[PDB]
Each structure stands twice: as C-alpha cells, then as structure tokens.
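So the sequence lines, in the order shown, correspond to chains B, C and A.
Numbered by the authors' numbering, the letters in the first sequence go through residues 1 to 35, 35A to 35B, 36 to 82, 82A to 82C, 83 to 100, 100A to 100N, 101 to 126, 133 to 189, 192 to 216 in order.
Mapping of the second sequence onto the authors' numbering: position 1 corresponds to residue 1, and the numbering continues sequentially without gaps.
Mapping of the third sequence onto the authors' numbering: position 187 corresponds to residue 187, and the numbering continues sequentially without gaps.
Encoded as structure tokens, the structure appears first; notes follow it.
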Amino acid sequence: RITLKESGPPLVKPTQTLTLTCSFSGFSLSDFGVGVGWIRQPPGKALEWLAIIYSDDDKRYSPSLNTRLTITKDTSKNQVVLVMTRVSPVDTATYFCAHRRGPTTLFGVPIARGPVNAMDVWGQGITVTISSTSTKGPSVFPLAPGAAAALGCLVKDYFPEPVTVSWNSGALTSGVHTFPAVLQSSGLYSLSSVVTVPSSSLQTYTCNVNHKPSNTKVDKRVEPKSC
Amino acid sequence: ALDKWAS
Amino acid sequence: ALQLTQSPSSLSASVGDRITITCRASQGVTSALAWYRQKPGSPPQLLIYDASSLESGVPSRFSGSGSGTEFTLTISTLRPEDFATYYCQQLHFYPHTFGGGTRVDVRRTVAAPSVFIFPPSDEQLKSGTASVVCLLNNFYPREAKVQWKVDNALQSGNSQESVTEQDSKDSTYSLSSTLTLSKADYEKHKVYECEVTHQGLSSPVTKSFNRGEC
C-alpha cells in the first residue's frame, strides 16, 4: 500500500519562499523508474501540473513556473521537497504530490511501459494561502430586501479562513445559503450568507457569525429596513 | 519536449 | 504548449445513466493518457491509465478508449458517487497537461433563478466602502451570467462571485455576486443594476435600485 502526505505552512506572505514536503511510504525513490510529481489546484479551478522527479534523479518543471521551482529528493528519508520562490496571491491553491509508477519489469527487465501513463496514488493535498494579512475579525453588515423574500449578512474583511455562520442560533436552516468566501485583492476574505423565506414571514432573523481565529462573535438581526 | 518514457 | 480540451465542460445526469466524457489533444499523445475522478474535498483518484487500462480496484462500469488525439471515458451505469468532476491527463509531452475538467451533476428540471439586489448598508458606507450584492437563488443548470451596470455603464474587474455546491434536496445552485466601490464612487451614481442571463429565463432579467431614493 502506497500512501503520500504533503506538509508545509498553511499561510505564506507574498515574495516569500514556500517549501512543501511530500513524505511517502510503500515505495522507495530508489525503485526502478519511479516518479513523484506535484500538482496544484487553486480554489474552484482545474488541476495544474508543476513538476516531477524520478529515482534516477531526472527533474522536469512546468515551463510557466520553471524559474520559481526547485524539486529535490531525499531518498533515505522517503521525501520529495518542492521549493517555490517569490510567491504571490495567485499561488494560493491546494498542493498535491503523487506517485508515478515506473515500467513493469520481469526478472529485472523492463517489459511494459503502459503503467507509467498516469499518476496512480495521490496525497490528500495541503491548502496554502498566500496573503500579507494579519489575523483580523469580520465586519458584519445587513443584506435587506415564488413570492419569496431574501435577506442576509455580508461577512466582510476577515482573515484567515474559516468563519461560521448560522441563523437564529441554529434554528433557521431551510432556505439558508452560506456561500464560499472569496479572497479579495486586499488579502482579506469576504462572504455572504442569505436566507429565503415566504414573503409573509417578514418572525425575526438574526445571523450568528463567529471567526474563531480573531475571537470575534457577532449576532446581527436583519430586518426589512424603512424604520 | 517528450516524456521520459516516450518513443 | 499542448492543449487538452474536455467536452462537455459540464454534464447533467441521473443514477443509472450512461455518460461519456471526451478529451481531445492538440497534437498526438499516443496512448499516454489517464482519467481521474475527483469528488469534492478529496484528491483526484485514478480510474484509467494508458488510455484504456482499468486501474486496479476501480469498478468495471468505468471504461476508457481512444489513442492519438481523441479519447473517451464512459461510465456505463452512473452511481451516486460518480457525481463529481472528471479530468484527463496527457503524459507523452512535458509538461504533463490536465484537461479543464468536466463536472457531472444531478439532472433536474430547468429552474430560473429568483434574483435579488441588495444596496450597501448605511453602516458599511460610514466606513467608506460600498458593497452591492446580487443573489441568484435556487437555479438550474449551473451556468449563469451576472453583469453589473451602474448608470448604464458596464462594470468590469470590480465584482466577485461564488456558487454553492448542488443542493442535496433541490439539485439547484445559488450564486452570490458582490460589486465593490469606494463610498465616494458609490455616491457619484444612481442606478445600480444586476443583469442576469440564464437558460430558464426567456430573456435577461434586471434587478435594480436608485441610490439614495427614500
């Protein structure tokens, strides 16, 4: 059984250097033709190939990132390290390392190369956020209005993830949509949480927001304005 | 250009 | 470099259906192509290697065929765990490219979004910023287009949006879009509009308000 696992800092600041370690078990980077590669996935985006290293020590890099990447192996520790320099916000992504089989051998003779055509086992992935922000609590603002009505709370400018939002201390669940946060160009996150109700219920509505990182709890009652 | 195992 | 284009980018289906996803390469990649299935929150999982070989431990309903520039993955009888995003990967040329992915989600009937526009709170305005949010609630299919207009000027580069995951009961999606402006710019205009295009809407729907109107 082959397993891989990524480790490194969850948070990194722009211009800094990011070092990610892939520790694995079940194979050796001294085994014939084996490879270990790195692939990343920005939130909501496609997979992007970064680099790979083989047991005979050949290395290859994405041409778009070549100047900022270094991949290396430590055979005796069963680890592969990828160093990315000068990171910027667009480098925020989940980073995965993965195993690549070498050709099948028969009495130590390569006879099948078809198994090298895939990365067959992946690590769970490590989430890395690139922002110059310091920890900071959200500002919470009201969002106020088939014949459904909508209202919500805009949880703005906080760092880092995550934040939790519930409605009426947990009693309101139907019609609730809490969207995934977006990382603003400022380096702070922002999210909305809304709830749809029969245009008659306008019943009271309060969003309970909690950002553990900054010890910031806020309850904000939202109503249909006009005094 | 070509993969390690290509050709 | 080499381009790998998946089709369709998104696909709706129901348990028991037969689906086929295709991947086309800009130059021939021989048989060096792999297919993966990735469920939300998890790493991609290898299904098919070397264009058509079934990976060990992978269920037989998955099948891959093709070589050169055109490949296909077919799942013969879709199971609930197959609602996910699929990717193809080429390993003939460096860099080892991935396709754009194809999202497979629960089919349901077309539903237009209920649209709502929210002006910025007076509380936010006092801090100097103005957020205008637009909500597209419970729609299907997933693709929707939101266009912000301020006093008829098309907005660009000053909004961000996020979409919920498919609802497990509804099978619909919801989308939130935030237009952000300084309090000053905000004050220099009157009509804030959120224009929405979607398959379930005969023509675009616009929700708006005039700033400061009381």
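In this text, a Cβ means the ideal position worked out from N, Cα and C, and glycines have one as well.
- When rounded, the separation of the alpha-carbon atoms in B/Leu138 and B/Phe166 is 14 angstroms.
- Taking a cut-off of 8 angstroms for Cβ pairs, the segment 108-124 of chain B and the segment 99-107 of chain A do not touch, as fewer than three such pairs fall below it.
- In summary, A/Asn210 is exposed, with fewer than 16 beta-carbon neighbours lying within 10 Å of its beta-carbon over all protein chains present.
- Assignment of B/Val100K by DSSP, reduced to helix, strand and coil, places it in the helix class.
- DSSP links A/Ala1 through a beta bridge to no other residue.
- The beta carbon of A/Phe139 sits closer than 7 angstroms to those of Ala111, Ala112, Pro113, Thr172, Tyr173, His198 and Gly200, all from its chain and outside the five residues before and after it, given in chain order.
- Annotation: A/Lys39 is outside any alpha helix (DSSP H) and is labelled neither H nor E by DSSP.
- Excluding five sequence positions before and after A/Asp82, the CB atoms of its chain that fall closer than 6 angstroms to its own CB belong to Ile75, given in chain order.
- Assigned with DSSP and collapsed to three states, C/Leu2 falls in strand.
- The C-beta of B/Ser74 comes no closer than 7 angstroms to any C-beta of chain A.
- Across the structure, B/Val150 and A/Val58 are spaced so that their CA atoms are roughly 37 angstroms apart.
- Residue-level contact check: A/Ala32 touches chain B, since one or more beta carbons of chain B fall below 7 angstroms from its beta carbon.
- Between the alpha carbons of B/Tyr145 and A/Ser156 lies a gap of roughly 24 angstroms.
- Between B/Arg95 and chain C, the shortest Cβ-Cβ separation is not below 7 angstroms.
- Assigned with DSSP and collapsed to three states, A/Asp185 falls in helix.
- Contact annotation: A/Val150 and A/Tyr192 have beta-carbon atoms nearer than 7 angstroms.
- With 16 or more other Cβ atoms from the protein chains shown falling within 10 Å of its own Cβ, A/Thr85 counts as buried.
- Close CB contacts of A/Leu2 within its chain, under the 7 angstroms cut and outside five residues either way in sequence, are with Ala25, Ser26, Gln27, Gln90, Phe93 and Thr97 (chain order).
- Counting along the chain, A/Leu125 sits inside the alpha helix (DSSP H) bounded by residues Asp122 to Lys126.
- Residues of chain C with a Cβ closer than 7 angstroms to the Cβ of A/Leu91 are, in chain order, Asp3.
- In the same chain as B/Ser60, and ignoring 5 residues on each side of it, the C-beta atoms closer than 8 angstroms to its own belong to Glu46, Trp47, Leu48, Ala49 and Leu67, in chain order.
- The shortest CA-to-CA distance from B/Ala93 to any of A/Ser7, A/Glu213, A/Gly212 and A/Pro44 is the one to A/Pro44.
- B/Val100K belongs to the set of residues whose beta carbon lies under 7 angstroms from a beta carbon in chain C.
- DSSP places B/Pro10 outside any beta strand (DSSP E), giving it a letter other than H or E.
- A straight-line Cα-Cα distance of about 21 angstroms links A/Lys188 and A/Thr206.
- Nearest CB-CB separation between B/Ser179 and chain A: below the 7 angstroms threshold.
- In this structure, A/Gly101 sits away from A/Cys23, with a CB-CB distance that is not shorter than 7 angstroms.
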